[PDB]
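The chain below stands alone, shown as structure tokens; this is the form deposited in one PDB entry.
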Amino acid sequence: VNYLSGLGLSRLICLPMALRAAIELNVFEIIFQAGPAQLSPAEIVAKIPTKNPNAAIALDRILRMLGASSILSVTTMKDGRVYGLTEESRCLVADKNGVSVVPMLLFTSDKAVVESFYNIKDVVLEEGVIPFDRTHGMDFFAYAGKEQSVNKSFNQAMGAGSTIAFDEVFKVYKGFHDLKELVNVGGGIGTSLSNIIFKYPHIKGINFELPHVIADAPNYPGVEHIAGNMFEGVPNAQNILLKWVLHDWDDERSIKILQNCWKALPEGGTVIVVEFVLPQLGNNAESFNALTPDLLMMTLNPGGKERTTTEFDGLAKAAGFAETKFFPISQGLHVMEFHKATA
């Protein structure tokens, strides 16, 4: 047995912390500004606010780990290593509208989240334990209420993810056309509705959320914010959007959310669910796209989990939606329609 190189499994914790450091140092935007280029650490440090003469050697130590792990391209030239973007690190550069995966990556490796991960084994060992609650003494959404650093990191993570998800959704899914009104239950800071209205200008958007999220939201006109608790009830709605909400909750609570949605809808109204779906698993993007949020749910949320299409169908039917349709979008991302029948 190669125990010696098995010691190298410690890279697994080194690599995400190296990536977090490079993200926080703005490395990817700095490289991107040089053109589709490979920059030395010294050249990158020219764009970092530091008075430290040793900054470039230290940065090289972080970046060469990212290069060996194929996050950055690396080649050695007359003045040492030089680093460029790759197909996988391009997502770390903000696009025309300033969205990248960076807010999501900074949230999911945030100290509060990682600290809770130390107790994920307790979900195996003890019935009904939530690692985040045990670590922090309150559930995640209450914590985000009390702690603005985590509130902000999480709200921006969800907003960036919303833009990314809906850019993919609109490549495939057409079911938002002919809708006149959409209430986003647990809609975050309203970015989801903003993307939808950007594509379908006549849809009236109502974002239904907790107050600490609404207070943190940008003023999107055309998005009206309503404070409330989805477990107590949902405002009257022609149609409802449920994105990245059901996976936060166990089956019982998900069914309760969906029953409140059913009660708020008129005959012929629809709940549109946007989630990743557990693939039928391997070293591929679909698998990681479901398993990554699943482990985040396991550490953060009350019985939240990712689900198969069959499990989503079961939730819908148990909550009063006898008509369901499933729309694979991309790499495990799905849109699903839960329809309340017309006469």
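For clarity, a rigid core is taken as the largest C-alpha set superposing within 1.5 Å between two forms. The first residue of the shown sequence is 1; numbering continues from there.
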**Fill in**
As the entry stands, the deposited residues without coordinates between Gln280 and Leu281 add up to 1 to 3
**Asked** Residues with no coordinates between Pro36 and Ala37 in the deposited sequence, how many: none, 1 to 3, 4 to 9, or 10 or more?
**Response** 1 to 3
**Request:** Decide which of the stretches 208-216 and 241-249 has the higher mean C-alpha B-factor, going by the entry.
**Result:** 208-216
**Prompt:** What stretch has the higher average Cα B-factor here, 281-289 or 301-309?
**Reply:** 281-289
**Prompt:** Whose C-alpha has the highest temperature factor in the PDB entry: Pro131, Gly161, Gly190, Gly268?
**Reply:** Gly268
**Message:** I'd like to know which of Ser109, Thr75, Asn195, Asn260 has the highest C-alpha temperature factor in the PDB entry.
**Reply:** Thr75
**Request:** Please place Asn155 in the lowest, middle or highest third of its chain by C-alpha B factor as given in the entry.
**Result:** middle
**Prompt:** Among the modelled residues of its chain, does the C-alpha B-factor of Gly145 lie in the lowest, middle or highest third?
**Reply:** highest
**Request:** Would you check the entry's CA temperature factor for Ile120 and let me know if it's in the chain's lowest, middle or highest third?
**Result:** lowest
**Item:** Where the record places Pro201 (Cα B-factor, split into thirds across the chain)
**Value:** highest
**Third of the chain, ranked by Cα B-factor, where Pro221 sits** = highest
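Another form exists, deposited in another entry; not displayed. Remarks below refer to it.
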**Fill in**
The mover among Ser100, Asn155, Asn239, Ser116 between this form and the one not shown, judged by a CA shift of 2 Å or more on the rigid core, is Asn239
**Prompt:** Once the two forms are fit on the core, has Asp294 moved its CA by at least 2 Å between this form and the one not shown?
**Reply:** no
**Item:** Core-aligned C-alpha movement of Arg134 between this form and the one not shown, 2 Å or more
**Value:** no
**Request:** Superpose on the rigid core, then tell me if the C-alpha of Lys317 is displaced by 2 angstroms or more between this form and the one not shown.
**Result:** yes
